[PDB]
Amino acid sequence: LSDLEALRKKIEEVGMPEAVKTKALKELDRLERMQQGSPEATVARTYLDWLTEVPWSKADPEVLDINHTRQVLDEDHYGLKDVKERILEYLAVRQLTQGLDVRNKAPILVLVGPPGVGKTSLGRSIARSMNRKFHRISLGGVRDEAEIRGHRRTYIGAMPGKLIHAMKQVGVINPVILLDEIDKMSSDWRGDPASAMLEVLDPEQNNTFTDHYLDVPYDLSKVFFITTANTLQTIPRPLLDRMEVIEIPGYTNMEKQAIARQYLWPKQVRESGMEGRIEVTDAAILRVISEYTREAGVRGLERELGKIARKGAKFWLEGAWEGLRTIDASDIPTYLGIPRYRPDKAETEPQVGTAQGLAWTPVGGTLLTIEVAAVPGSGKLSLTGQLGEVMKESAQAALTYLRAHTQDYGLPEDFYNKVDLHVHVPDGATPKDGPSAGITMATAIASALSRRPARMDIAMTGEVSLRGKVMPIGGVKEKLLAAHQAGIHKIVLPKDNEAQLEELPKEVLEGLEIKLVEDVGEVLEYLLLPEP
Amino acid sequence: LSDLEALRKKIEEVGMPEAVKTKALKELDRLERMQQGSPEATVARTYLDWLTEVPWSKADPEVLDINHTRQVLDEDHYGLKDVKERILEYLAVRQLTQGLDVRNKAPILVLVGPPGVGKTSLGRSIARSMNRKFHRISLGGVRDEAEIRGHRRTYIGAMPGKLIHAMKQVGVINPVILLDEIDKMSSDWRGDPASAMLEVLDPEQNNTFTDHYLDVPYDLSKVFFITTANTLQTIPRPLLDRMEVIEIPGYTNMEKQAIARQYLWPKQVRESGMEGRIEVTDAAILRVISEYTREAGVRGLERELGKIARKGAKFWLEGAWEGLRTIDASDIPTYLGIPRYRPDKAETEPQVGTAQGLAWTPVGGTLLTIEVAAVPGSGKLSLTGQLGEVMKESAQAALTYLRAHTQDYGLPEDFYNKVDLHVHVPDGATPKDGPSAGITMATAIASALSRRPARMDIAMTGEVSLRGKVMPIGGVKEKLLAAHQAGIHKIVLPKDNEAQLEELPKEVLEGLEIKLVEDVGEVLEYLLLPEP
Amino acid sequence: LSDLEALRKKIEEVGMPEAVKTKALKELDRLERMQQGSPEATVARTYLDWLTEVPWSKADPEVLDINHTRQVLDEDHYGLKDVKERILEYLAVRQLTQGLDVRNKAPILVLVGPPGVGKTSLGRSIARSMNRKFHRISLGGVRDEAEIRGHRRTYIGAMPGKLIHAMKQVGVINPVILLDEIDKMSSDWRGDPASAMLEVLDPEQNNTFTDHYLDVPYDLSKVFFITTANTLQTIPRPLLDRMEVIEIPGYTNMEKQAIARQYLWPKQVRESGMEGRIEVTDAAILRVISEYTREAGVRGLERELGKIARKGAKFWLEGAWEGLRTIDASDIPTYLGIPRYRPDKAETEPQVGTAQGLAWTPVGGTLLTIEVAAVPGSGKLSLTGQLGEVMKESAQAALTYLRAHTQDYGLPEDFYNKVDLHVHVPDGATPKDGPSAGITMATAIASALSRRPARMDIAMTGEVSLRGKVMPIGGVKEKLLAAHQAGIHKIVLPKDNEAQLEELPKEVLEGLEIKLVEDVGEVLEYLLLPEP
C-alpha cells in the first residue's frame, strides 16, 4: 500500500551504496505484497528500516586549528593546564595522517581517571572545538557478540548492534563517540566482543565493519572514537596497544573551590531561577567540600550546590526578603542535612590492630583499614574479604620477615605454631598487578601480635619482599592525593620512590610529612605507640 | 455517507498542525471510493476518527502558586510532614523557571515506596491543586513497543500505544499522567520497553514524540509526567539518571489510627450506605490495625473496614431496630472472625538459637528470625537459604570474636575443631543488601553455643568487625519503621547512629526504647536472658 | 408485497430511541422495491430483523429483599454455609445503595471453584429470588473482540456480538447474565478480549456499548453481571480488581450423599421417563461416590445416576414386572460394567520409605507420596522429580534435626559423612511446590534411615524450622477437604493452626480425627511403629 510506497521510495529517496542497493532491491523483491499479516513482512520491515535509516557516507566539517581548540579547552572545569598539552600533542598527531588517512599503529586516547573529573567534559569540549557532534555508549556489563556485533537475521526481534544503533541516531559518520567504561567488558555468553571492538578499533577494519543483523558489513571509517576507562590493566590486553595514556589525576580542595565559584555554582543558581538573589561565601564552599563529600570528582559537589539552590527557590517563593542573601559556613546545615564527615578524623584515638592504608582503586585513590584478629589456637593463617592470592603471598612475605625478629619488638618465642590469625582487607587485589600494601599488613600483624596500639593518622603504603626489602611501587601520585583529601599528614614510603616526588605540586607537599625509609623495622619504629 | 461528510468536517474544523492537515486530506482523497470496503475503507475511517478525537490544541488552566498547593495537600490522606516539603521544593523550582527559560532540563519525581502508601492519591491531590485533569497509565508487565508505540497502521488491528489512548480520554493536552510500576517493566518478549521510556523521559526529544498508528509525531510538550516505582534497584540505568527520587516509606501505628478516623472509615461507611448508624470507637480501629494486618501502608485496612461496613449492612437489613450501633474492641471478631495475627511481642517465650533482625524488603519492612544450629561434628561451617559470601564473612567475623573470648561467654576452650555450625537465613534475598545483620548472627551464634536463650521482643541491627566493634549502618528510618510496624518495642542500634537519630520526625521515636551500644559485649549482656 | 408496510409499521410500533429512530430512517432510505435477491437489501432486511427484536425498556419487577433470597437459597444444594452468607452480604449492600447512585462502581462477583459444584445453580437461585430472567454466555477460550463486540456488515457473516444474542434471547433489559470461565479467555489474536469485558464491566461505558453491527451503541444499564473462574491467578490484573472472591471448595462424602438423595437422583429418575419403580439406599450411593469417580463437584454423580436410570428404563422395556427393584452397592456393577477405582486407599501397607502428604490441585485435592532411598556413599543429597530449592532445604533442615538427636532413634552416631540419600518426589508439578511437606520429609527421612515403618493411614502437613519446630500452614479447609476426599481418618496438624480449626463446619471434624503436634518429637513418636 502507501506504506509499501514509502519503504519503496526510500530505496531511492536515500541514495544507497552498491551492495546495500543490491540487498535492498532483494528486500523489495520479497515485498510488493501486504505490509503486515504474515510475520515474514514484519521482519522485512525491521530489516528494511534498520538498513535504510543508518546514514551512508556523510560527514561534518572539521578543523585543523589548535588556537580556538586551546580557547575552548581552557574552560572545561578550570582547565587542567598540563593534560591539555597532551591532548594538543595528540591533535598534532592528527597533523600527520597524510598517506593512509587513519594514523593507526598509533594512539586512540584512552582517558584514565576517577569517575567524572571532566573526562566527558573534555569530550564535549573537543566536540564543540571541532564543530562535530557527540554521543555516548556505556560498555558496562557487556559480554555478548550481539550487543556489539549483529544478531541472527532469521528472527523478528533480533538485535542490531549497539554501535550501529548509536550510529543510526547520529546523522553522519564523524561523531565523537564516547566509549565509557571500556574495561568492564566480559566474555560469558555468545563470544567475546572485545575482538569485535578491536575490529571496530583498527586502521582498515572499521571501514567494512562486520554486522550480522545487517547482512552487509558497514563502513565506520571516519568516526572520531574517544574512550574513557577507570582502570588501566583490565582493558583487553591486545587492545591495550595503539593507545596514549592520558592521566587525568584527581583534584585538590582549592581547585574545587575555584571550580565551584566559577563553573558549578553559577550553573546551579541559574538552574533554579535565582539569578542575583543567593550568594555563597567561600568558607561555605570549604564547608561543603570538607564535610559533605569525600571523593576525587566533582559530581557530588554539584549535587550539594543543587540542593542549596532548590531550597533557596522555596524560601524565596514563600516571601520575598532581600536583594542579596549571604550563606556563610554557620547555616549550611539549615539548608543541607547533617554534617556527614568530620574535618578532623584525628579524633579517632589510635586503634590496636587496625592499620590505616593507602589504596589504588579503579575510582582512583582511597583509604583502607586492614583489620587483623590474633586469636589463640595452634598456628594458621586466613585472609578473607574477597582477596586474591597476591595479597596472601605479600602477607606470607611479611610473616617471613616477622619470624626472624621475635624478641626485638615484643613478640613470643614463636607464633608460627601457637596463634591463629584472621586478616580482613576491605577490598581485594589491585588492578595494577601487585599488592601495594605490604608494610600496611606488616604493621597490622606486628601490632596485633605485639598487642601494641598502632597509631592512626599515619597513612602508609609500600611492599615487603621475600627478603623483607621495601620495594618501589607505582601510581604514587594518586595515593598521595587520597591522603591529601582526607587531611592525613604523615606518609611512610620506600626511599626509592622519591623521584616520584618530583611530579608532585607544592600544596600537596605542605602537609604530607614523608618518612622515606627502607626496612620494616623502621616503620615499626616510626609508627607504634611503643618505640619498637 | 453523511457521517463521512461529518468526518470531513471534524477534520476540517479543529485547528491542526498542517502536516496532519496534509495526511488527513490525503486520506480523504483516497477514501470515498471503497464504499463496500474490505478494510481499506475501515482502517482509513478509524484513522481519521483518531485524528479527530485525539486532543489537538486543547487549553487548560494551571497553578502559579506554591501556597494554594499547601492549602490543598493538607486535605488528602494526612500532611505526612516530610514529603510535603520535597513536593513543594520540586514545584518551587518548577515555578520560578516556568515561562520556558532555557533551563528546562529537569528531573521528573519518581515516588519510591511500598505499594499503597498514598502515591496515586498524591498525584490526584497535586492535580487538584493545579486544575489539570489527572489520569493513570499502568506499566506492569510491559515488554514490547506495540504497547508503548503503535504497531500496525496497515489494517485495522494493532492499536496505537498506551499514550495516545490516555491522551484521547483526557480532553486537554496537559494531564498529570501517572506512569505506575516502572520497575516491573522489563524486556520479556523480544522488544525494548526501556528506550521508549527514555524518549518520553527527555524534554528535548518528546517535543515530537511519535508512534506508528499515526504519522505525525505528537506534541507531548506540556504533560507533567510523574512516575512511581516500588524499588530503586531494578530501574534501568539510563532511566535512573534524570529522575528525582522522593522516598515515601510506610506509616507508624498512630498515623494509621489517625488516617482511619479521618479519611478511611467515613468513606467506607459511605460505600455501604450505612451512614449515621454504625459507630467505631478508637480501640476498635487500634485493634483492627494491630491484630489483623501487617502490611506497610493502608490497603489491608481498607479491606478490613469494608468488611465491617458490609456486615453492618447485613445486620441492619435483617431487621431495623436502632438509632445507632456502637462497636468497640469487644465485638470486632463478630464482624471479622478469628484474628489473623496475634497481640504484642512481649509474650513470645525466649528461644535459645534465634535472632530478630530488621529488614526493608521492597514490599515493606520485616523482621528476620535467623536460626543457627550447633551440630556436634567436625568443626567446619555451613550456610543455607540464599546466601553469598557476605553472610559468610559476617558469620566468620562473629565466630572469630567468640574464638577470642571463649572464657567470656562460658564456651569450651576449643570449638573450631569440635562443633559444626549450620546457619539458616529465612530471607536471604533482602535486596537492600549488606552485612546489616552482624550482631544478629553474633547473638544467634553465641546463643546456640552458650546454650543460653536469646530474648525475643528486642530487635537489633548493626555490623561487626574482627576486633569486636559495632560499626554504623545506613538507613535508620526504614529499619525503625519496620521495627515499629511489626510490633517490637526495644531496639539496639549502634552508637555511631545517634547523630542520625535526631534526624527523624518525632512520631517514630515515640513508642521505641533505644539501647545504643558500640561493642558486642554490650548486646550480649543485654539480650542473653540469664547470666552467661 | 407489503413486507415494507408491516416493517415500517413495526419499526414505528416498536419503541425506538430517537437517534436509533434516525438510524432507522437511514436504514429505511434504501427501501421501496418489490424484487428479491437484493444483495444490498437482503442485509438491510436482516438488519431490521435484528433491530425489531433487541429489547428497548422492558422491565421485570425486581424484589430487593435479603430474606426472600435466603429462603430461596435454602433450595440450592445441601448447604454451603459460607458462600450463601457472602452472597447475602453482597446483595445486602446492593439493597441499601440502590437508587442512591451517588455510590456506584460495584464489583462483579467472581465465583471460584472446581468444575462441578453449583456455580450456575447459585446463579439460577439468585435469578429466582429477584424474579429476573437468567441466561448464560460462555466466554472461555474467546480470543477475538469481533465476537464479543459487533461484526462488520460489509462482508457476509453480518452478525451482532455474542452479548446481543444473549440480549435477543432475553426479552427485557434487566436480566441476570453469567460469564462462565472468564479466565480461560485467551488473548492471542487481533483484538484482546480483556478490554472488551473491561468495557462491559464499566458502569459508565455500558450505556454506549459499542457494536460494529448495530450503528448506535447499546446500553447495558441494569444488567446485573456475575462471573466465574477456576483460579484467580490467570485473570488479567485490571479485571482482577473489581472482583469479589467468593471461593467455593469441593464437598465431603456426607454432603455428596445428601445432594444425591435430596436433589440429583429424583431429577435423574423422573427425567428418564421412569418414576417410583427403583429403590436406592445409602450403600449404592456410597459406592458410586467413593469407588466410581475422582472429582470434587457432582458431575460424575449426575452422569452415572442418569445412566443407571436410563438402563433401568431399558430393563423396564423388556417387562413391567414390579414397581420396586431395590438397588444397593452389591449388584451395582451390573449397571455400570467394570468398576474403575480401587476400594481401599486407606489400607496402604505401612512400609518404610514412604510419606503421605496432603495437597490440592485446582481440579480437586490429592495425596502426594514421597520416596527416600538411603544408599551408602560419601554423604550428599539427590532430588529428582520437580524438586527445586525449598524442598531440598526442608530435607536438609530435617537432616540437621536428626543430627542433633542421634541417640534415641537408632541412627548411626555419625551418618552425615556416610549415607547418600536419593529423595524422589513424583509430584512437584502439582501446585504449591513450596514448604508444606516439612514433617512429610521428616517422616520420610526418619523412616528411610532408621529402617522402621512409616505408617499408612495417617496424613500430615506443615513445615519444619531448623531448631526443630513446626510452623503453621495456611488454607486448612482445602487440605482437610482433600483428606476427607481421598479416604484417610487421621491427620497431623501444627499446634499453631488450632484456632483455624474452629472456623470449619462441625461436620468435617467428626468424620476425621486431628492429631495436633508442635514439635518433631511428637510426630516421630506417632509415626514409628517400632521406634528404635
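In this document, every chain is numbered from 1 following its sequence as written, which may not correspond to the numbering used in the entry; residues for which no coordinates exist are not shown. Chains carry letters and ligands carry numbers; both start at the beginning, A for chains and 1 for ligands, and go up in the order they are written. With hydrogens and water stripped out, all remaining heavy atoms of the structure feed into the side-chain values.

Per the PDB record, this model was obtained through cryo-EM at a reported resolution of 3.7 Å.

Looking up chain A in the PDB entry gives the name Lon protease, with the organism given as Meiothermus taiwanensis. The title field of the PDB entry reads "MtaLon-Apo for the spiral oligomers of trimer". UniProt positions are given in the numbering used here, feature names are shortened, and annotations may be inferred rather than shown by experiment. Its UniProt record gives chain A the following Catalytic activity (unreviewed entry) comment, quoted word for word: "Hydrolysis of proteins in presence of ATP." Recorded in UniProt under Subcellular location (unreviewed entry), the annotation for chain A is "Cytoplasm".

Draft legend 1. The arrangement of the overall build of chain A in detail. For the purposes of this entry, the term helix denotes a DSSP run of H or I that reaches at least four residues, the term strand denotes a run of E that reaches at least two, and both are numbered from the N terminus. In terms of regular secondary structure, chain A is built from 17 helices and 14 strands. C-alpha extents for chain A along the principal axes are approximately 95 × 65 × 50 Å. Buried residues in chain A amount to 51% of all 532 residues. In chain A, of all internal contacts separated by at least 6 residues, the share reaching a separation of at least 24 is 77%. In this count, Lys and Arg are taken as positive residues and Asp and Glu as negative ones, while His and the chain termini are left out. For the purpose of locating charges, the reference atoms are NZ of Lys, CZ of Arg, CG of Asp and CD of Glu. A gap of 4 Å separates the mean positions of the 67 positive and 78 negative side-chain charges of chain A. Think of it in three bands: residues with accessible area under 20% of the maximum for their type are buried, residues over 50% are exposed, and the middle band is partly exposed, with areas taken using a 1.4 Å probe on protein chains only. Contacts are residue-level and defined by heavy atoms, with any inter-residue pair within 4.5 Å sufficient.

Draft legend 2. Main features of the interface of chain C and chain B. At the interface, 30 residues of chain C touch 40 residues of chain B. Buried area, as used here, totals the accessible surface that two parts lose on assembly, with accessibility defined by a 1.4 Å probe and the loss added over both. Of the roughly 3,000 Å² buried where chain C meets chain B, counting both sides, 55% is carbon and sulfur surface. Any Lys or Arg side-chain nitrogen found within 4 Å of a carboxyl oxygen on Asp or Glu counts as a salt bridge. Linking chain C to chain B there are four salt bridges. Across the pair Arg403(C) and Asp420(B) runs a salt bridge whose closest N-O atoms are separated by 3.3 Å. Between N or O atoms, a polar contact is any pair within 3.5 Å; within protein, one atom must be a potential hydrogen donor and the other a potential acceptor, and residues adjacent in sequence are included only when both atoms are from side chains. Our count for the chain C to chain B interface comes out at eleven residue pairs in polar contact. Of all the elements in the fold, those that place two or more residues in the side of chain C that touches chain B are α5 (83-96) and α15 (389-404) of chain C. Element by element, the count of residues in the side of chain C that touches chain B is highest for α5(C), at six residues.

Draft legend 3. Spotlight on the nonpolar core. Take the buried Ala, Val, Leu, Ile, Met, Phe, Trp, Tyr and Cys residues and link them wherever side-chain atoms come within 4.5 Å; each set so joined is a nonpolar core. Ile308(B), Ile332(B), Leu91(C) and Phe224(C) are the most contacted members of the largest nonpolar core, which totals 89 residues. With eight residues, the top contributor of residues to this core is α5(C). Apart from the residues within four sequence positions on either side, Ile332(B) is in contact with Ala284(B), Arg287(B), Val288(B), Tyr292(B), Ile308(B) and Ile327(B). One finds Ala24(B), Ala41(B), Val54(B) and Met243(B) within the second-largest nonpolar core, a separate group that totals 47 residues.

Draft legend 4. Fine view of the interface of chain B and chain A. Of the residues lining the interface, 35 residues belong to chain B; the matching set on chain A comes to 42 residues. Of the roughly 3,300 Å² buried between chain B and chain A on both sides combined, carbon and sulfur atoms contribute 54%. Three residues, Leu96(B), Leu466(B) and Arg467(B), lead the burial of chain B against chain A; their summed loss comes to 20% of the area buried on that side. Summed over the shared surface of chain B and chain A, the result is four salt bridges.

Draft legend 5. Summary view of the packing of aromatic side chains. The pairing test for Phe, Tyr and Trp rings, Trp by its six-membered ring, is centres within 6.5 Å, and the orientation test on the planes gives stacked under 30 degrees, edge-to-face over 60, and tilted for anything in between. In the structure shown here, the tally under the stated rule is twelve aromatic pairs over all chains. Between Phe315(A) and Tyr335(A), the ring centres sit 5.5 Å apart and the planes meet at 55°, which makes this aromatic pair tilted. Highlighted residues: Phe315(A) in helix α11 (residues 299-317) and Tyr335(A) in helix α12 (residues 332-335), separated in sequence by 20 residues. Overall, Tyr335(A) belongs to the buried group, its relative accessible area being 18%. Charge-over-ring contacts are defined here by two conditions on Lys NZ or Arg CZ: a distance within 6 Å of the ring centre and an angle within 35 degrees of the ring normal. Between the NZ or CZ atom of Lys168(A) and the centre of the ring of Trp50(A), over which it lies, the distance is 4.0 Å. Sitting above the plane of the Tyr526(C) ring, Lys515(C) keeps its charged end 3.5 Å from the centroid.

Draft legend 6. View of the sheet that holds strand β3 (residues 176-180) of chain B. All names here are of chain B. The strand order across the open sheet formed by three strands is β2-β3-β4, and the pairing between neighbours is parallel. Strands with a single pairing partner mark the edges of an open sheet, and in this sheet they are β2 (134-138) and β4 (226-228). Neighbour-to-neighbour, the strand axes of the sheet open up by a mean angle of 25°, direction not taken into account. The pairing of β3 with β4 spans three bridges and is parallel. Paired with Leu179 across the two strands is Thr227, which belongs to β4. Helix axes are fitted to C-alpha atoms over the stretch in contact, other axes to C-alpha atoms as well, and angles between N-to-C directions run from 0 to 180 degrees. Those strands touched by helix α6 (residues 120-130) are β2 and β3, and its axis lies near 150° from that of β2. Against the sheet, helix α8 (residues 162-169) makes contact with β2 and β3, and its axis sits at roughly 160° relative to β2, the strand it touches most. Strand pairing is assigned whenever DSSP detects at least two bridges linking the two strands.

Draft legend 7. Layout of the environment of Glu27(A). All names here are of chain A. Following the sequence through the fold, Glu27 ends up in helix α2 (residues 18-30). We classify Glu27 as buried; its relative accessible area is 7%. A sequence separation of 20 residues divides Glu27 from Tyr47, and the C-alpha atoms of the two residues are 8.4 Å apart. In contact with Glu27, other than residues within four places in its own chain, are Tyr47, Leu48 and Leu51.

Draft legend 8. Representation of the side chain of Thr461(B) in the model. All names here are of chain B. Tracing the chain through its elements places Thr461 in the loop between β10 (458-460) and β11 (463-465). Of the polar contacts made by the side chain of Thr461, one reaches the backbone oxygen of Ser436; its length is 2.8 Å. A distance of 3.4 Å separates polar atoms of two side chains, one belonging to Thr461 and the other to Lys479. Among all residues touching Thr461, those that are not within four sequence positions of it are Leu358, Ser436, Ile439, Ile473, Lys479, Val492, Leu493 and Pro494.

Draft legend 9. Inspection of the arrangement of the chains at higher detail. Taking contact number as the criterion, the leading pair out of two pairs of chains in contact is chains A and B. Chain A shows no contact with chain C. Their nearest C-alpha atoms sit 10 Å apart.

Draft legend 10. Seen up close, the pairing of strand β2 (residues 133-138) of chain A. All names here are of chain A. Where β2 lies against strand β3 (residues 175-180), six bridges are found, and the strand directions are parallel. Among the inter-strand pairings, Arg136 is bridged to a residue of β3, identified as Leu178. Handedness of the crossover joining β2 and β3 through helix α7 (residues 162-169) is recorded here as right-handed. With the strands pointing away from the viewer, any crossover whose connection runs clockwise from the first strand over the helix to the second is right-handed.

Draft legend 11. Expanded view of the pattern of salt bridges. Taken as a whole and judged by the stated rule, the model has 66 salt bridges over all chains. Across the salt bridge formed by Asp60(B) and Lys133(B), the nearest N and O atoms sit 3.7 Å from each other. Here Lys133(B) lies in the loop between α6 and β2 and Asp60(B) lies in the loop between α3 (40-53) and α4 (67-72), a separation of 73 residues in the sequence. Its relative accessible area of 17% is what places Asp60(B) among the buried residues. On the basis of relative accessible area, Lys133(B) is assigned to the partly exposed category, the value being 44%. Close ionic contact of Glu147(B) with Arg143(B) constitutes a salt bridge, the shortest N to O distance being 2.5 Å. Connected via shared salt-bridge partners are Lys10(A), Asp49(A), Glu53(A) and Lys168(A).

Draft legend 12. Structural detail: a negative patch on the surface. On the surface, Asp496(C), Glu498(C), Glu502(C), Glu518(C), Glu522(C), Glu525(C) and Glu531(C) cluster together into a patch of negative charge. Within the secondary structure, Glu498(C) is located in the loop between β15 (491-494) and α18 (506-511). Patch members must show over 30% relative accessible area and no salt bridge, and they are joined within 9 Å when carrying like charges or within 5 Å when they are nonpolar side chains of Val, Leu, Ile, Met, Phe, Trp or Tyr. Methods summary: accessible areas were calculated by the Shrake-Rupley approach with a probe of 1.4 Å, and residue burial reflects only the protein chains presented.

Draft legend 13. Fine view of the domain arrangement of chain A. Residue and element names in this part refer to chain A. Marked domain ranges trace back to an automatic or database domain assignment. As far as domains go, chain A holds domain 1 (66-247), domain 2 (253-336) and domain 3 (354-527). For domain 1 versus domain 2, the distance between C-alpha centres works out to 35 Å. Contacts between domain 1 and domain 2 engage ten residues on the former and eight residues on the latter. Buried surface at the junction of domain 1 and domain 2, summed over both partners, amounts to about 770 Å²; 66% is from carbon and sulfur atoms.

Draft legend 14. The arrangement of the packing of helix α2 (residues 18-30) of chain B against α3(B) in detail. Residues and elements named next belong to chain B. Close contact between α2 and α3 brings their axes to 10 Å; oriented N to C, the two are set at 150°. If you check the angle between α2 and α3, you find them roughly antiparallel. Here α2 runs over α3; the crossing is left-handed. Of the residues in α3, those in contact with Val20, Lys23, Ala24, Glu27 and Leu28 of α2 are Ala44, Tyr47, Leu48 and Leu51. Classifying every residue of the contact of α2 with α3 by side-chain character gives seven nonpolar, no polar and two charged. For this classification, under 35 degrees means roughly parallel, over 145 means roughly antiparallel, 65 to 115 means roughly perpendicular, and everything else is oblique. Working rule for handedness: look at the near helix, and if it is turned counterclockwise from the far one by less than a right angle, call the crossing left-handed; if clockwise, right-handed. Residue polarity is assigned by list, with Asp, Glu, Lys and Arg as charged and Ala, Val, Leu, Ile, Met, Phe, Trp, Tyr, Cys and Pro as nonpolar; anything else, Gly included, falls into the polar class.

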